[PDB]
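These notes are about the structure you will find just below.
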Amino acid sequence: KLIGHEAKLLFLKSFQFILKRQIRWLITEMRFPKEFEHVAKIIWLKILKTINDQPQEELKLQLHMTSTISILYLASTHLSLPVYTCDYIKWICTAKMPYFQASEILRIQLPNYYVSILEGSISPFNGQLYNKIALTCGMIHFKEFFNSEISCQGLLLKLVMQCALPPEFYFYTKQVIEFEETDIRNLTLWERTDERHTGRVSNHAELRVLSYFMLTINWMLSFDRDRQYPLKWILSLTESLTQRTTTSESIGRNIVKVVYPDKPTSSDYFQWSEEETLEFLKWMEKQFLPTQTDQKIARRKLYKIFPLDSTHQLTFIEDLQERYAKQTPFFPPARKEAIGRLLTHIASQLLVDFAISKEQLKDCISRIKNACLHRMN
Amino acid sequence: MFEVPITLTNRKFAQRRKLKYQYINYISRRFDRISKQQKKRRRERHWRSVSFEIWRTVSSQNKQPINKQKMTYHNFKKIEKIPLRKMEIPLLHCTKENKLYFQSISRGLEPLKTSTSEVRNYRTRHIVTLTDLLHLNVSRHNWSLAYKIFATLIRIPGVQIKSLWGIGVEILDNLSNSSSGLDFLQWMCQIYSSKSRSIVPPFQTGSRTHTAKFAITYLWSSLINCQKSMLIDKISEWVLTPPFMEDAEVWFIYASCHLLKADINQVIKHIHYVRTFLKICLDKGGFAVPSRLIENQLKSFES
Amino acid sequence: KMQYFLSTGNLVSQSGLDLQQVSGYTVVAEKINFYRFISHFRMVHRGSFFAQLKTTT
Amino acid sequence: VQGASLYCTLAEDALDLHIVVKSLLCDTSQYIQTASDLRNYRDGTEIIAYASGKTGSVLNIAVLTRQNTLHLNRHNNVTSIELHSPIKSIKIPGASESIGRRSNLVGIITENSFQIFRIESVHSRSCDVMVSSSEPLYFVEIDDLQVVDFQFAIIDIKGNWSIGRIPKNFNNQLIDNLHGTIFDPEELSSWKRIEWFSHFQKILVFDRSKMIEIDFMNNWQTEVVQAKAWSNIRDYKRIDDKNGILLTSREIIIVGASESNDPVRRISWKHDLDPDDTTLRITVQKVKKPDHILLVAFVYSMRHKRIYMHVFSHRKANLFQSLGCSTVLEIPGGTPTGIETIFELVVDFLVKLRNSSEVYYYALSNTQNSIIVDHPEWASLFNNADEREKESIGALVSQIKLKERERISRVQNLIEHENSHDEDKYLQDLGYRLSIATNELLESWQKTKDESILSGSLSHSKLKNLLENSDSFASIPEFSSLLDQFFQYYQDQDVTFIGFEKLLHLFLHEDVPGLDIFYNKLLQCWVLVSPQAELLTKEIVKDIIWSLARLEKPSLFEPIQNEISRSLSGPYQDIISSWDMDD
Amino acid sequence: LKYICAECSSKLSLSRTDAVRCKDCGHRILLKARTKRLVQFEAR
Amino acid sequence: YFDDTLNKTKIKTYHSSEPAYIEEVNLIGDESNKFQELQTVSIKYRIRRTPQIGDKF
Amino acid sequence: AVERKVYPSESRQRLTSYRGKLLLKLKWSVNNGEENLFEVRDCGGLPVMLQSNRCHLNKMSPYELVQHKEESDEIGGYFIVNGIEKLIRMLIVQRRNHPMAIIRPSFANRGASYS
Ligand SMILES: [Mg+2]
Ligand SMILES: [Zn+2]
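Protein chains in written order, with my numbering: chain A, 12 to 388; chain B, 63 to 365; chain C, 151 to 207; chain D, 10 to 592; chain E, -19 to 24; chain F, 37 to 93; chain G, 257 to 371.
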């Protein structure tokens, strides 16, 4: 029935087909530029040419889904588009961009060795995405062939708006950024291996950006000898950040919280509310039609025994505005507490949003914090 | 923090079950010596027994006296010393975490992390949250939400129906619309009474020998849907229909249908009828009023 | 209940109503043609009781 | 149902739940067999006196320290000053039993340890609690002991048990003569358990495999009806009334208890509760009322701080029924190491959480008619140590703060000039100055045009090396018009095209048609919050529009060259696999 | 456009599992409408 | 129509021994607020009567 | 979803009944007036006579009748029940409140004493 030992050709066809399918969804539904597609044929072309410059009938390829997302991010980053990894994580964990299947339920029957090579390694959630984009960035070289500078300043904007920080922190963190780097940010972390143990927890540019962001808030707020930032407004900031409200975004972050590996975030789904659960089942019947894989009609009637079944909630800049106002009353050692709880909530949001670990993040901001103390002392 | 209504994500839990029951075999084997594979796990788990209406237990009498200490330090480590190395062989084939689990359960320590707590796949973790919210809402009397949870859940292609008591009490307390708890139950029996392991304790079962909970509960609860009345010859028409002879409880249901229909020579025949089925209900494991009370109602009838 | 009466056409009461029969009270307004239709509304009889009686009078 | 229509479909009752009342009381993966804290009321003197509610609490460095002190009760349940003792062993359960009221209100208190098994007496007067150390036995056996039950000191060590007795007051120590075993080679988990039954002088012995009754002053032993096919015995505690038994299996609350003078099993049906968690435990509280006698079952865990509660009732026809389930939560990270109990329901207990020396009194009522963060992983990241690493941070903070002042005073005048003829001159010579540099870079893109190895022309997307020309303007709409007429100007083909609006879509999460409305929305948000929000918002929309400001490699006709040429060097039928427009 | 509303007369079409009702009125009664097709007759 | 319990497409056939033509086909929708799909239809047949032997005048 | 008129043509085509809502004002009087409750009850759909003061064709001109799919000079006087046009037919009962003198054999058979 199914191919033997040269279903490399069919494998790469379901893979490439799934890629162009995703591109279709992001130019169409995300209003990308048509140039992206060509940038994708070039990158997928380079690594296709590199795996078909490889001999063995033993396949040795890993075209996991992380490779799809890896060349999408790679191409997007060459094109300097202000999309970041967290956009991709959100997009795929909310079933909008089709992902979590081989040729989703509707196709082809392949050797179960390759269906496993697809379904396996599916998760991006421990930094697998950063590691796979750096791995691809070795597989074909970032430096001469492409421009692997991240879209830094839009990430800063994304970040300040993602909190409710006043726009001064964009320039604050932008400045600490310039202070340690002078704004030079790469994509490879590659020396093909598994092995690494120092220097290289922190050289995916983004993670360092978040690290500078956190640091900035901590330093800045704990050394406003001016007293520009009230002992209270740090609390009011924490509370306007904490109040679970139903916008497209936060609903999304809940949807990502559901498939994040570590507690607490699943205790976070515990502390959600009937409308969150409802819009959840909604997204379940919508985007888990993107499912995977006599008595049959007996189960069509059997399930058809129980029913399958002025705009209320607000937009993003609406919520953003209203918490910006919820703090609009702007104009002693236990304020360090307020600094800490704000930093830890911000951290939480970053951990679920950028699919990394608690320990990963704090490793990075620890390392690069000592990397600022060292070039400051 | 609640049970999940999904088959547990697999590999490592199964190979750990291997290591566990395999070592169990070697220790208990050498233990019987000193007193003188899915299938290895299978035989292993196998040879072992697998004023109000209290379905009483089996209390303490006719059970054998004693034992006096079998196991000193030296004697136990005698039994333990060899099967642990035999274990050293396939431990080399399993994974390092699995090997650690084997080391710790074999020391006697109990693992920190549940199967759920270490589980990992998108769809299954989402089903876990779905089912959880079902159970939570049903606990919270939120029959509306809970109903949405149930419908969205049964939609998913992975869920066979344990969840039926959820919908029985669900549509029961719902009263809202949909062809109701009775309809669901009699559906359950009509679809799953004909040819047409891990997961299974008694509250969901197969129809070789007793499917219990749902059947007896639609039975009684339907007789209470006659408490709505004062339908009966219907209920005992389809209690008449099935052969599953080890019941008697449907004999008392039958005789109760005749006492309820007895509330002129027709009423006589109904009273002689209940008089008959109470003894052909002494057939089996007895449901007893003093039953001279049953007869005393029957003499209040004989008036 | 009134619909049932119109639909099936029988007199149901514990009273007779002082009438000698239990059925034949309504009839279809046959529209076979107009001449038949109009006739229905100008028709009168004594009732099924006096129909089985074997005199000519 | 069962009795309602055995008599001749909703419930008994309407729907009521759980509330809290909280208070502080006192301050101090593979897990094992332990549980260590008690409080119970007795009076020693019994020269016609009363009982005193006492705590046996536990003090830890290594868990060496046992502490006994009194509790004075009230609606506000506090303590009075502390009384103490140590042992060299790591300490496990404190237990102080009390035989039910066939007889008397009982004496003093026992503990199990790392080696030892000790039992103390006590006398007390005038707010002091003086205890005396009824003597240890380190072991006969070199075996740890699972459970103590209670005048009879009963021990269980993993798979063998002993009935023993305690000395009288002073200074001879504890002996035994009746012994046994329930050893089972094929149960690896170490916990076994002894608690007896009916006070009949007959015991219960447990392992996660089975439940064995032992009538121990005759010779008698029984394995009661289930074994270990589908669930583990998870815990058991004697629901306080002598003839009453509460057992947690997996997915079942079991109410054993005699309904015959001889010992029992109850299969009077039961409720079920839903995990794989090994760490579950249970305890009951018992409230009294006229028409019933009801029991609240707390099943708790070491994984999640939630408490799982069910309720039963004893209408003494030995009638038992069940109502419906309820569960409450508990706070940050950690989980219960101890839950201990003592037209509405009040049920009150104490909890101690994993790795928190605090002991919290709780109370629960029916209706309503009447983070301090030390996350050592992040604080170690935020507080950094040495004084020069304090004034270091402050130094950097000042550097940037005065820098920001430079930004404000700098841009201010640039804001003064809007729609001026000066800013017009600047937008002209700016726009087409940049156009000249752009053409130059396009020529040096013609010289290297035939690379055909890549398709990313070097260091492209820029203002292209004139940097001061960016900043100086300060009017978003005339700048958007500059860019629209620059894109218009370089419409001479083989040049990049990229539509911003469709990308600001990603920024504000709604359709952002104009480069201006972007500035509006940000400006509303920040005008709520900062002075010179117009200056910053303008400086940041300028910074964004620059960070994105496209000028990538020569356009779509240039990439396809390298597209096909790399699609050449590849061997022939990967080239056959390379496939556009799937379906 | 196979069908016609019996109340408002709006011409309209249906699909697989569609609202058997007028998309304007909400009247649930529809008249069929009929399409170029060969029927043959003898003129007698 | 398609029958689900049969997984087959079945067919109501014309029964008169006298041939006819289709005149009106009415879709009788249901009330109780929409949602329900088509279940009831009325078909009106037209039968030619060139006057035959045995017809009465 | 607010009410709309139903004309008899619809009833004919749906093959149901042409009916209006029958309402009764129920008086429920406790203790001879001490406390009396009122409630208006929906007592079903009462078939209505065509062209009567409870029919929607009442007072319509020929032109309007035609626009409502009725015969131009629709007479009415009948009911529509399950698509069938049913008339309660006229009965020729006796004569009200007049004492007739009767000679009838049947009267003699109520007893030997009866004439
Ligand atoms: Mg057994
Ligand atoms: Zn219409």
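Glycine residues also receive a C-beta, built at the ideal position from the N, C-alpha and C atoms.
query                                                                                                                           : result
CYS5 of chain E beta carbon near ligand 2 (any heavy atom closer than 8 Å)                                                      : yes
C-alpha distance - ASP309 of chain B paired with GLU232 of chain B, whole-angstrom precision                                    : 28 Å
Boundaries (first-last residue) of the alpha helix (DSSP H) holding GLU299 of chain B                                           : 294 to 300
Short CB-CB distance (under 9 Å) between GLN72 of chain F and chain E                                                           : yes
First through last residue of the beta strand (DSSP E) which encompasses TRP109 of chain B                                      : Looking at the DSSP string, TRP109 of chain B is not in any beta strand (DSSP E), and its letter there is neither H nor E.
Unbroken stretches of the alpha helix (DSSP H), 4 residues or longer, contained in the region 96 to 161 of chain B              : 100 to 108, 135 to 143 and 145 to 153
Shell residues, 5 Å Cβ cut-off relative to heavy atoms of ligand 1                                                              : B:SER111 and D:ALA236
Any C-beta of chain D under 9 Å from that of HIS323 of chain A                                                                  : no
Cα-Cα separation, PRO318 of chain G to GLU54 of chain F                                                                         : 39 Å
Beta-carbon gap between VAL320 of chain D and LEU373 of chain D smaller than 9 Å                                                : no
Start-to-end residues for the alpha helix (DSSP H) that takes in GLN421 of chain D                                              : 400 to 425
Three-state secondary structure (DSSP) of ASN123 of chain A                                                                     : helix
Own chain, CB closer than 7 Å to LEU532 of chain D, minus 5 neighbours either side, in chain order                              : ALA542, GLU543 and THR546
Chain F within 9 Å of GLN269 of chain G, Cβ atoms only                                                                          : yes
Chain-ordered residues of the region 187 to 200 of chain B with a beta carbon less than 7 Å from chain A                        : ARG187, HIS188, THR191, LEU192 and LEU195
Reduced DSSP category for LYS46 of chain F - H, G, I as helix; E, B as strand; rest coil                                        : coil
Under 9 Å from the C-beta of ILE64 of chain F: neighbouring residues of chain G                                                 : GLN269, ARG270 and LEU271
Host beta strand (DSSP E) of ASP185 of chain D (start-end)                                                                      : 184 to 189
Residue interval of the beta strand (DSSP E) (run including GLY276 of chain G)                                                  : 275 to 286
Reference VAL140 of chain D, options D:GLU195, D:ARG111 and D:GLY65, closest by Cα                                              : D:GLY65
Closer than 8 Å: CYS104 of chain A CB and nearest ligand 2 heavy atom                                                           : no
Where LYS151 of chain C sits in the DSSP three-state scheme                                                                     : coil
With 16 other Cβ atoms within 10 Å as the buried cut-off, status of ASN43 of chain F                                            : exposed
Short-range partners of chain B found in the region 467 to 500 of chain D, where Cβ spacing is below 7 Å                        : none
Listed by chain order, chain B residues near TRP555 of chain D by CB distance under 8 Å                                         : Correct list: empty, because the minimum Cβ distance to chain B is about 39 Å.
Closer than 8 Å at the beta carbon, the chain B residues around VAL269 of chain A                                               : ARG187, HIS188 and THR191
Chain B contact residues for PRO272 of chain A, given Cβ-Cβ distances below 7 Å                                                 : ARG182
beta-carbon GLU67 of chain F near ligand 2 non-hydrogen atom, thresh 8 Å                                                        : no
Proximity winner among A:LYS19, A:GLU17, A:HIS75 and A:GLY138, relative to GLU130 of chain A (alpha-carbon distances)           : A:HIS75
Cβ-heavy atom distance, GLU(-13) of chain E to ligand 3, below 8 Å                                                              : Of the ligands this structure carries, namely ligand 1 and ligand 2, none is ligand 3.
Beta-bridge pairing of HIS195 of chain C - partner residues as DSSP gives them                                                  : G:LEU347
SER(-10) of chain E: CB within 8 Å of a non-hydrogen atom of ligand 2                                                           : yes
Of the listed residues A:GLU189, A:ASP194, A:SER247 and A:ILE316, nearest to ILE216 of chain B (C-alpha basis)                  : A:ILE316
Which residues DSSP lists as bridging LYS219 of chain D, in chain order                                                         : D:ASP216
Contact set between the region 291 to 305 of chain A and chain B, restricted to residues whose Cβ is under 8 Å from the partner : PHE291, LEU292, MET295, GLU296, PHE299, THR302, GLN303 and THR304
Residue-level contact to chain D via CB, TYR135 of chain B, 9 Å cutoff                                                          : yes
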